[PDB]
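Structure below is data_11.csv: CSV, C-alpha atoms.
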```csv
chain,number,residue,atom,x,y,z
A,1,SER,CA,-0.3,19.1,1.2
A,2,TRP,CA,-2.5,20.7,-1.5
A,3,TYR,CA,-5.4,19.1,-3.3
A,4,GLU,CA,-7.4,20.6,-6.1
A,5,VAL,CA,-11.0,19.4,-6.3
A,6,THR,CA,-14.3,20.2,-7.9
A,7,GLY,CA,-17.9,19.7,-6.8
A,8,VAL,CA,-21.4,20.1,-8.2
A,9,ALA,CA,-24.9,20.3,-6.7
A,10,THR,CA,-28.3,20.8,-8.3
A,11,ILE,CA,-30.0,24.1,-7.5
A,12,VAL,CA,-33.4,23.3,-6.1
A,13,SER,CA,-34.8,26.1,-3.9
A,14,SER,CA,-31.5,27.9,-3.1
A,15,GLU,CA,-28.3,28.7,-4.9
A,16,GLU,CA,-26.7,29.2,-1.5
A,17,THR,CA,-27.4,25.7,-0.2
A,18,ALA,CA,-26.5,24.3,-3.6
A,19,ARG,CA,-23.1,26.1,-3.2
A,20,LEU,CA,-22.6,24.6,0.2
A,21,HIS,CA,-23.3,21.1,-1.1
A,22,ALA,CA,-21.0,21.4,-4.1
A,23,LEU,CA,-18.3,22.6,-1.7
A,24,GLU,CA,-18.9,19.6,0.5
A,25,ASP,CA,-18.9,17.3,-2.5
A,26,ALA,CA,-15.4,18.6,-3.4
A,27,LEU,CA,-14.0,18.6,0.2
A,28,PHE,CA,-15.1,15.0,0.6
A,29,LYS,CA,-12.9,14.0,-2.4
A,30,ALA,CA,-9.8,15.8,-1.0
A,31,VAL,CA,-10.3,14.7,2.6
A,32,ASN,CA,-11.0,11.1,1.6
A,33,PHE,CA,-7.9,10.9,-0.7
A,34,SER,CA,-5.6,12.6,1.7
A,35,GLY,CA,-6.3,10.1,4.5
A,36,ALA,CA,-8.0,12.7,6.7
A,37,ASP,CA,-11.3,12.2,8.6
A,38,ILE,CA,-14.4,12.6,6.3
A,39,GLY,CA,-16.5,12.6,9.5
A,40,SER,CA,-15.0,16.0,10.5
A,41,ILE,CA,-16.2,17.7,7.4
A,42,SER,CA,-19.7,18.5,8.8
A,43,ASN,CA,-17.9,20.6,11.6
A,44,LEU,CA,-16.4,22.9,8.9
A,45,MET,CA,-19.4,23.6,6.7
A,46,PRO,CA,-21.1,26.3,8.9
A,47,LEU,CA,-17.9,28.3,8.5
A,48,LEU,CA,-18.2,28.2,4.7
A,49,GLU,CA,-21.6,29.9,4.9
A,50,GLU,CA,-20.0,33.4,4.4
A,51,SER,CA,-18.9,33.6,0.8
A,52,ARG,CA,-15.1,34.2,0.6
A,53,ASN,CA,-12.1,33.7,-1.7
A,54,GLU,CA,-10.2,31.9,1.0
A,55,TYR,CA,-10.7,30.3,4.3
A,56,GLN,CA,-8.4,29.3,7.2
A,57,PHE,CA,-9.2,26.8,10.0
A,58,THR,CA,-7.8,25.8,13.3
A,59,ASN,CA,-8.0,22.4,15.2
A,60,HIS,CA,-8.8,20.6,12.0
A,61,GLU,CA,-7.1,18.5,9.4
A,62,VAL,CA,-8.2,21.0,6.8
A,63,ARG,CA,-6.0,24.1,7.1
A,64,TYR,CA,-6.8,26.3,4.1
A,65,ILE,CA,-9.4,26.5,1.4
A,66,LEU,CA,-9.0,28.6,-1.7
A,67,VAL,CA,-12.0,28.9,-3.9
A,68,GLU,CA,-10.8,29.3,-7.6
A,69,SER,CA,-14.2,29.3,-9.2
A,70,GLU,CA,-17.9,29.0,-8.4
A,71,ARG,CA,-20.5,29.2,-11.1
A,72,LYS,CA,-24.1,28.3,-12.1
A,73,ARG,CA,-24.0,25.7,-14.8
A,74,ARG,CA,-27.2,24.0,-16.2
A,75,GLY,CA,-29.3,24.5,-13.1
A,76,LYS,CA,-26.4,23.5,-10.8
A,77,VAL,CA,-23.7,25.2,-8.8
A,78,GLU,CA,-20.2,24.0,-9.7
A,79,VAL,CA,-17.1,24.8,-7.6
A,80,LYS,CA,-13.4,24.4,-8.0
A,81,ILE,CA,-11.2,24.7,-4.9
A,82,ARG,CA,-7.6,24.2,-3.7
A,83,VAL,CA,-7.4,22.6,-0.2
A,84,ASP,CA,-4.4,22.3,2.2
A,85,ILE,CA,-4.7,19.3,4.4
A,86,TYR,CA,-2.6,17.8,7.2
A,87,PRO,CA,-4.0,14.4,8.1
A,88,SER,CA,-3.7,13.2,11.7
A,89,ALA,CA,-0.9,10.7,12.4
A,90,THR,CA,-3.9,8.7,13.5
A,91,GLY,CA,-5.5,8.7,10.0
A,92,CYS,CA,-6.1,5.4,8.2
A,93,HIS,CA,-7.0,4.8,4.6
A,94,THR,CA,-10.1,2.6,4.6
A,95,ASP,CA,-11.6,0.0,2.2
A,96,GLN,CA,-8.4,0.0,0.0
A,97,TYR,CA,-7.7,-2.5,-2.7
A,98,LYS,CA,-5.0,-5.0,-1.6
A,99,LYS,CA,-1.4,-4.1,-1.9
A,100,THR,CA,0.9,-6.2,-4.1
A,101,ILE,CA,4.0,-7.5,-2.4
A,102,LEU,CA,7.0,-9.2,-3.9
A,103,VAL,CA,9.0,-11.5,-1.7
A,104,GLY,CA,12.8,-11.5,-2.2
A,105,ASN,CA,14.6,-14.7,-1.6
A,106,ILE,CA,15.9,-14.9,1.9
A,107,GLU,CA,19.7,-15.3,2.1
A,108,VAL,CA,21.7,-17.2,4.7
A,109,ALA,CA,24.5,-14.8,5.9
A,110,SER,CA,26.8,-17.6,7.0
A,111,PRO,CA,26.2,-20.9,5.0
A,112,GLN,CA,28.4,-22.9,7.4
A,113,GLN,CA,25.8,-22.6,10.1
A,114,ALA,CA,23.5,-24.7,7.8
A,115,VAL,CA,25.9,-27.6,7.8
A,116,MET,CA,23.9,-29.6,10.3
A,117,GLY,CA,21.0,-31.1,8.2
A,118,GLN,CA,22.6,-29.5,5.2
A,119,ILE,CA,19.7,-27.0,5.1
A,120,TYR,CA,21.5,-24.6,2.7
A,121,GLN,CA,18.2,-23.9,1.0
A,122,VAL,CA,16.2,-23.0,4.1
A,123,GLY,CA,16.2,-19.4,3.1
A,124,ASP,CA,14.6,-20.1,-0.3
A,125,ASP,CA,12.1,-22.4,1.2
A,126,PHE,CA,11.2,-20.0,4.0
A,127,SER,CA,10.5,-17.3,1.3
A,128,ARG,CA,8.1,-19.7,-0.4
A,129,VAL,CA,6.3,-20.1,3.0
A,130,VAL,CA,6.3,-16.3,3.6
A,131,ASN,CA,4.9,-15.9,0.1
A,132,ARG,CA,2.1,-18.4,0.7
A,133,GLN,CA,1.4,-16.9,4.1
A,134,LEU,CA,0.8,-13.4,2.6
A,135,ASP,CA,-1.3,-14.6,-0.3
A,136,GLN,CA,-3.6,-16.9,1.5
A,137,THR,CA,-3.8,-15.5,5.1
A,138,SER,CA,-3.1,-11.8,5.0
A,139,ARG,CA,-5.8,-9.2,5.0
A,140,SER,CA,-4.3,-6.5,2.8
A,141,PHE,CA,-1.7,-8.2,0.6
A,142,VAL,CA,-1.4,-10.1,-2.7
A,143,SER,CA,1.9,-11.9,-3.1
A,144,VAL,CA,3.1,-12.0,-6.7
A,145,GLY,CA,5.9,-14.6,-6.1
A,146,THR,CA,9.5,-15.0,-5.0
A,147,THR,CA,12.7,-13.9,-6.7
A,148,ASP,CA,16.3,-13.2,-5.8
A,149,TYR,CA,16.6,-9.9,-3.8
A,150,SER,CA,19.5,-9.0,-1.6
A,151,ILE,CA,19.4,-6.5,1.3
A,152,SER,CA,23.2,-6.9,1.6
A,153,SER,CA,23.8,-5.3,-1.7
A,154,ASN,CA,20.8,-2.9,-1.9
A,155,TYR,CA,20.4,0.2,-4.2
A,156,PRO,CA,17.1,2.2,-4.3
A,157,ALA,CA,17.3,2.3,-8.1
A,158,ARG,CA,17.7,-1.5,-8.4
A,159,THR,CA,14.7,-1.9,-6.1
A,160,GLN,CA,12.6,0.6,-8.0
A,161,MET,CA,13.3,-1.4,-11.2
A,162,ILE,CA,12.4,-4.8,-9.6
A,163,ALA,CA,9.2,-3.5,-8.2
A,164,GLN,CA,8.2,-1.8,-11.5
A,165,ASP,CA,8.7,-5.0,-13.5
A,166,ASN,CA,6.5,-6.9,-11.1
A,167,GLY,CA,4.1,-4.1,-10.4
A,168,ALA,CA,4.6,-4.4,-6.6
A,169,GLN,CA,4.1,-1.5,-4.2
A,170,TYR,CA,6.4,-3.2,-1.7
A,171,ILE,CA,9.3,-5.7,-1.7
A,172,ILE,CA,10.2,-7.8,1.3
A,173,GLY,CA,13.8,-8.8,1.6
A,174,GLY,CA,15.6,-10.7,4.4
A,175,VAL,CA,18.7,-12.4,5.7
A,176,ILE,CA,19.0,-15.4,8.1
A,177,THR,CA,21.8,-14.3,10.5
A,178,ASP,CA,21.9,-17.3,12.8
A,179,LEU,CA,21.3,-21.0,12.4
A,180,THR,CA,23.9,-22.0,15.0
A,181,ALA,CA,23.1,-24.7,17.5
A,182,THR,CA,24.5,-25.8,20.9
A,183,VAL,CA,24.4,-29.4,22.1
A,184,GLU,CA,23.2,-30.3,25.6
A,185,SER,CA,22.8,-33.4,27.8
A,186,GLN,CA,19.6,-33.9,29.8
A,187,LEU,CA,19.5,-37.7,30.3
A,188,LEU,CA,22.0,-38.9,27.8
A,189,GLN,CA,25.1,-37.5,26.3
A,190,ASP,CA,24.3,-34.8,23.6
A,191,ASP,CA,20.6,-35.8,23.6
A,192,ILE,CA,19.3,-32.3,23.0
A,193,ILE,CA,20.2,-29.8,20.3
A,194,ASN,CA,18.8,-26.3,20.5
A,195,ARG,CA,19.1,-24.4,17.2
A,196,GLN,CA,18.8,-20.7,16.6
A,197,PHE,CA,16.8,-18.9,13.9
A,198,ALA,CA,17.6,-15.2,13.6
A,199,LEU,CA,16.1,-13.2,10.8
A,200,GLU,CA,16.5,-9.6,9.8
A,201,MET,CA,13.8,-8.4,7.6
A,202,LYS,CA,13.4,-5.2,5.6
A,203,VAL,CA,10.4,-3.9,3.7
A,204,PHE,CA,11.0,-1.5,0.8
A,205,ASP,CA,8.7,1.0,-0.9
A,206,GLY,CA,8.6,0.0,-4.5
A,207,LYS,CA,8.2,3.7,-5.5
A,208,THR,CA,11.2,5.2,-3.6
A,209,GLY,CA,13.3,2.1,-3.2
A,210,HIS,CA,13.7,3.2,0.4
A,211,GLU,CA,13.1,1.0,3.4
A,212,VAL,CA,9.7,1.7,5.0
A,213,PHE,CA,10.5,-0.4,8.1
A,214,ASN,CA,12.6,-3.2,9.5
A,215,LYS,CA,12.4,-5.8,12.2
A,216,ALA,CA,14.6,-8.6,13.5
A,217,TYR,CA,13.3,-11.9,14.7
A,218,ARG,CA,15.1,-14.4,16.9
A,219,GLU,CA,13.8,-17.7,18.2
A,220,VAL,CA,15.3,-21.0,19.3
A,221,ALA,CA,13.8,-24.4,19.1
A,222,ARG,CA,14.9,-28.0,19.5
A,223,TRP,CA,16.4,-29.5,16.4
A,224,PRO,CA,14.3,-32.8,16.3
A,225,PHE,CA,16.8,-34.8,14.3
A,226,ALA,CA,20.0,-36.7,14.9
A,227,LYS,CA,22.9,-34.4,14.0
A,228,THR,CA,24.0,-36.7,11.2
A,229,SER,CA,20.6,-36.6,9.5
A,230,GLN,CA,20.1,-34.8,6.2
A,231,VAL,CA,16.9,-32.7,6.2
A,232,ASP,CA,14.8,-31.6,3.2
A,233,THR,CA,13.5,-28.2,3.9
A,234,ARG,CA,11.0,-28.6,1.0
A,235,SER,CA,9.2,-31.6,2.6
A,236,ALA,CA,6.0,-31.5,4.6
A,237,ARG,CA,7.9,-33.7,7.1
A,238,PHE,CA,10.3,-30.9,8.0
A,239,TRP,CA,7.6,-28.2,8.3
A,240,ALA,CA,5.7,-30.4,10.8
A,241,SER,CA,8.8,-30.7,13.0
A,242,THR,CA,9.3,-28.6,16.1
A,243,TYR,CA,11.9,-26.4,14.3
A,244,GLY,CA,9.7,-26.1,11.3
A,245,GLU,CA,6.7,-25.1,13.4
A,246,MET,CA,8.8,-22.3,15.0
A,247,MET,CA,9.7,-20.9,11.6
A,248,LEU,CA,6.0,-21.0,10.7
A,249,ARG,CA,5.4,-19.0,13.9
A,250,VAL,CA,7.9,-16.4,12.6
A,251,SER,CA,6.1,-16.4,9.3
A,252,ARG,CA,2.8,-15.5,11.0
A,253,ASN,CA,4.5,-12.8,13.0
A,254,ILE,CA,6.0,-11.3,9.9
A,255,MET,CA,2.5,-11.2,8.3
A,256,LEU,CA,1.2,-9.5,11.5
A,257,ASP,CA,4.0,-6.9,11.5
A,258,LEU,CA,3.4,-6.1,7.9
A,259,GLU,CA,-0.4,-5.6,8.5
A,260,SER,CA,0.3,-3.4,11.5
A,261,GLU,CA,2.8,-1.3,9.6
A,262,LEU,CA,1.2,-1.1,6.1
A,263,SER,CA,-2.6,-1.8,6.5
A,264,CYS,CA,-3.5,1.8,6.9
A,265,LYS,CA,-1.4,3.1,4.0
A,266,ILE,CA,-3.1,4.0,0.7
A,267,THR,CA,-3.2,1.6,-2.2
A,268,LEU,CA,-2.9,3.9,-5.3
A,269,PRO,CA,-3.7,2.2,-8.6
A,270,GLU,CA,-1.9,3.7,-11.6
A,271,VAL,CA,-2.6,3.7,-15.4
A,272,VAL,CA,-0.3,1.1,-16.9
A,273,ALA,CA,-1.7,1.4,-20.4
A,274,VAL,CA,-4.3,3.2,-22.5
A,275,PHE,CA,-6.0,2.1,-25.7
A,276,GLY,CA,-8.7,4.3,-27.0
A,277,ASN,CA,-11.3,4.7,-24.3
A,278,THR,CA,-9.9,1.8,-22.3
A,279,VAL,CA,-7.4,2.0,-19.4
A,280,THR,CA,-5.5,-0.9,-17.8
A,281,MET,CA,-4.4,-0.9,-14.2
A,282,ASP,CA,-2.3,-3.6,-12.4
A,283,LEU,CA,-4.9,-4.5,-9.8
A,284,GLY,CA,-7.4,-7.3,-10.4
A,285,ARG,CA,-9.8,-9.8,-8.8
A,286,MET,CA,-7.2,-10.9,-6.3
A,287,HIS,CA,-6.9,-7.3,-5.1
A,288,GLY,CA,-10.6,-6.9,-4.5
A,289,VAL,CA,-11.5,-5.1,-7.8
A,290,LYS,CA,-15.1,-5.7,-8.8
A,291,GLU,CA,-16.8,-5.1,-12.2
A,292,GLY,CA,-19.0,-2.2,-11.0
A,293,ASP,CA,-16.2,-0.3,-9.3
A,294,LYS,CA,-15.9,3.5,-10.0
A,295,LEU,CA,-12.6,5.3,-9.9
A,296,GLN,CA,-11.4,8.9,-9.9
A,297,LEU,CA,-8.4,9.9,-11.9
A,298,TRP,CA,-5.8,12.3,-10.4
A,299,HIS,CA,-2.9,14.2,-11.9
A,300,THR,CA,0.0,15.8,-10.0
A,301,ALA,CA,0.5,19.5,-11.0
A,302,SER,CA,2.4,22.6,-10.0
A,303,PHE,CA,1.2,26.1,-9.0
A,304,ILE,CA,2.2,29.3,-7.3
A,305,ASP,CA,0.9,29.5,-3.8
A,306,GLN,CA,0.2,32.7,-1.8
A,307,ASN,CA,3.9,32.8,-1.2
A,308,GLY,CA,5.2,33.1,-4.7
A,309,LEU,CA,7.0,29.8,-5.0
A,310,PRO,CA,6.0,26.7,-7.0
A,311,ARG,CA,4.1,24.0,-5.1
A,312,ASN,CA,2.9,20.6,-6.2
A,313,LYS,CA,-0.8,19.8,-5.9
A,314,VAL,CA,-2.8,16.6,-6.3
A,315,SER,CA,-5.3,17.6,-8.9
A,316,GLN,CA,-8.6,15.9,-9.5
A,317,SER,CA,-9.3,15.3,-13.2
A,318,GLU,CA,-12.8,15.5,-14.6
A,319,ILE,CA,-12.2,12.0,-15.7
A,320,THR,CA,-13.8,9.1,-13.8
A,321,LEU,CA,-13.7,5.5,-14.8
A,322,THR,CA,-15.7,2.3,-14.6
A,323,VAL,CA,-14.2,-1.1,-14.3
A,324,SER,CA,-15.3,-3.0,-17.4
A,325,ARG,CA,-13.3,-6.3,-17.2
A,326,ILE,CA,-11.4,-7.9,-14.3
A,327,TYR,CA,-8.6,-10.4,-14.5
A,328,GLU,CA,-6.6,-12.1,-11.7
A,329,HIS,CA,-4.1,-9.3,-11.2
A,330,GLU,CA,-5.1,-6.6,-13.6
A,331,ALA,CA,-8.3,-4.8,-14.9
A,332,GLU,CA,-9.6,-2.7,-17.7
A,333,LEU,CA,-11.6,0.4,-17.1
A,334,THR,CA,-13.7,2.5,-19.5
A,335,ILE,CA,-13.3,6.2,-19.4
A,336,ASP,CA,-16.7,7.9,-18.5
A,337,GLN,CA,-15.9,11.0,-20.5
A,338,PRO,CA,-14.5,9.7,-23.8
A,339,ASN,CA,-13.9,13.2,-25.2
A,340,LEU,CA,-11.2,13.5,-22.5
A,341,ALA,CA,-9.6,10.1,-23.1
A,342,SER,CA,-6.6,11.7,-24.7
A,343,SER,CA,-5.7,13.5,-21.5
A,344,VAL,CA,-5.1,10.2,-19.6
A,345,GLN,CA,-1.4,9.3,-19.2
A,346,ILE,CA,0.5,6.3,-18.0
A,347,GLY,CA,1.5,6.9,-14.4
A,348,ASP,CA,-1.7,8.8,-13.5
A,349,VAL,CA,-3.2,7.6,-10.3
A,350,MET,CA,-6.8,6.6,-9.3
A,351,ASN,CA,-8.7,6.0,-6.1
A,352,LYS,CA,-12.1,4.4,-5.5
A,353,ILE,CA,-15.0,6.8,-5.6
A,354,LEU,CA,-17.2,6.7,-2.5
A,355,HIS,CA,-20.9,7.4,-2.0
A,356,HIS,CA,-21.2,7.9,1.7
```
Structure translated into structure tokens:
Amino acid sequence: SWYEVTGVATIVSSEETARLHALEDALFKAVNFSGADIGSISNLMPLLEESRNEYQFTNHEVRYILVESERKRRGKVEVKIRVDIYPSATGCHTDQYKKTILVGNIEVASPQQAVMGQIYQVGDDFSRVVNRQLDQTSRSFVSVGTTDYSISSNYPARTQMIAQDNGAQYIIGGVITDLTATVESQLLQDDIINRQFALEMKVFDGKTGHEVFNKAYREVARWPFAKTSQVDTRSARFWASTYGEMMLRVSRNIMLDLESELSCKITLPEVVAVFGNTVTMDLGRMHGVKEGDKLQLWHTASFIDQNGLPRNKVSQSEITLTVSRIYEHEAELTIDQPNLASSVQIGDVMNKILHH
């Protein structure tokens, strides 16, 4: 995938070493954003010593470098390059802001299985628990609440709309497929009731509306109540019970599966609004955004490659932003180059700028 980046480096004693540092400056931006290994950049630099229009590399995430421009500007060397990168399947986006997840209300496929204890609302209550689990115990997620969301009747377009309205990058849906129980007799007739808890969970990408992954969970635990007892799945009493504890175990496993599956993915903040020199993004204090944070703006664009066909490229804008105000789940950023403010558009993406 192509990235268009720019770099700059002050000319001290040599225009040639300045050129190499500007190239490194630019490459870092592309490699970092792409999810490739920034540590492997040093291994490429010696090959850039000979000045050329284009470069090709083997055994490296960076495959091709096309230099568009290189000039001397106010005592500095500025470069603009196009880079084709293929990140390793082992790559991992680091120090990302937290991802916003929306928890759909978990449905009970067969209501009659909830007859015992009349726990028809167990799905809703479990979603509340999952929500709480993600918000206060996860490492990479911010849960923005629960809401009705079926995976039985699922359409990518409907999903995209739900996610957009709640600014979530992911939506978790689910269906409880088994709450059946079998009665047994250890010491007394029908003294033990073992109840199932089967849950099919699906996680959808808010952008595509397509499922990112799925997992089924099945557990069984003793139903610690007389079969005639009505149980309130909202009460602390229920959640402290053996069956409730088992569901809490599943909750933690869900959180772990989500972390293992999405933790390394990129969190890509987008412009949600622009007012003068101020931009608003839907990530805030809860996501790890801090007042000093610096971000780079990117635009998607098209170009003709060395083949003759149109290709998309992730293009780095000259625009960089500084977080000015932070709120719980959103933030305002001031554009560092106000003369360019009018070029910023809703939907443009940003990533955190790194020093190292």
**Request:** Around the point (15.6, -13.7, -0.2), in the coordinates given by the file, pick out the residues reaching within 8 Å, counting all atoms listed in the file, and return them as a ChimeraX atom specification.
**Result:** /A:103-107,123-124,127,146-150,173-175
**Request:** Using all atoms listed in the file, pick whichever of A:279, A:187, A:181, A:62 has the shortest atom-to-atom distance to residue 326 in chain A.
**Result:** A:279
**Request:** Calculate how many Å separate CA of residue 302 in chain A from CA of residue 19 in chain A, rounding to one decimal.
**Result:** 26.6 Å
**Request:** Extract, using only C-alpha atoms, all DNA, RNA and protein residues at most 7 Å from residue 291 in chain A, discarding same-chain residues fewer than 4 positions from it, and format them as an MDAnalysis selection string.
**Result:** chainID A and resid 323:326
**Prompt:** Which neighbours of residue 269 in chain A fall inside 10 Å, counting all atoms listed in the file, when residues of the same chain fewer than 4 positions from it are skipped, and could you give them as a PyMOL selection string?
**Reply:** chain A and resi 97+99+169+280-283+295+297+347-352
Box along x, y and z, 5 Å on every side, all listed atoms of range 314-319 of chain A inside: centre and edge lengths in Å to one decimal, as JSON.
```
{"center_x": -7.8, "center_y": 14.8, "center_z": -11.0, "size_x": 20.0, "size_y": 15.6, "size_z": 19.4}
```
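In this comparison, which uses only C-alpha atoms, the residue of A:205, A:68, A:125, A:16 approaching residue 48 in chain A most closely is A:16.
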**Item:** Minimum-distance residue to residue 117 in chain A, chosen among A:258, A:341, A:179, A:221 (using all atoms listed in the file)
**Value:** A:179
**Message:** Nearest residue to residue 100 in chain A out of A:300, A:17, A:154, A:267, using all atoms listed in the file?
**Reply:** A:267
**Asked** Any idea what the distance is between CA of residue 168 in chain A and CA of residue 345 in chain A?
**Response** 19.6 Å
**Message:** List as a PyMOL selection string the protein and nucleic acid residues near residue 73 in chain A, meaning an atom at most 12 Å away when all atoms listed in the file are counted, but skip any in the same chain fewer than 5 places from it.
**Reply:** chain A and resi 7-11+15+18-19+22+78-79
**Message:** Could you check the closest approach to residue 166 in chain A for each of A:217, A:87, A:101, A:212 and tell me which residue wins, using only C-alpha atoms?
**Reply:** A:101
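Here CA of residue 296 in chain A stands at a distance of 4.6 Å from CA of residue 320 in chain A.
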**Prompt:** Which one is closest to residue 134 in chain A: A:102, A:201, A:92, A:226? Count only C-alpha atoms.
**Reply:** A:102
**Request:** Might you pull out every residue within 12 Å of residue 303 in chain A, with only C-alpha atoms counted and same-chain residues fewer than 2 positions away left off, and present them as an NGL selection string?
**Result:** :A and (2-4 or 82 or 300-301 or 305-315)
**Request:** Tell me which protein, DNA and RNA residues are within 8 Å of residue 156 in chain A, counting all atoms listed in the file, leaving out same-chain ones fewer than 2 positions away, and put them as a ChimeraX atom specification.
**Result:** /A:154,158-160,208-210
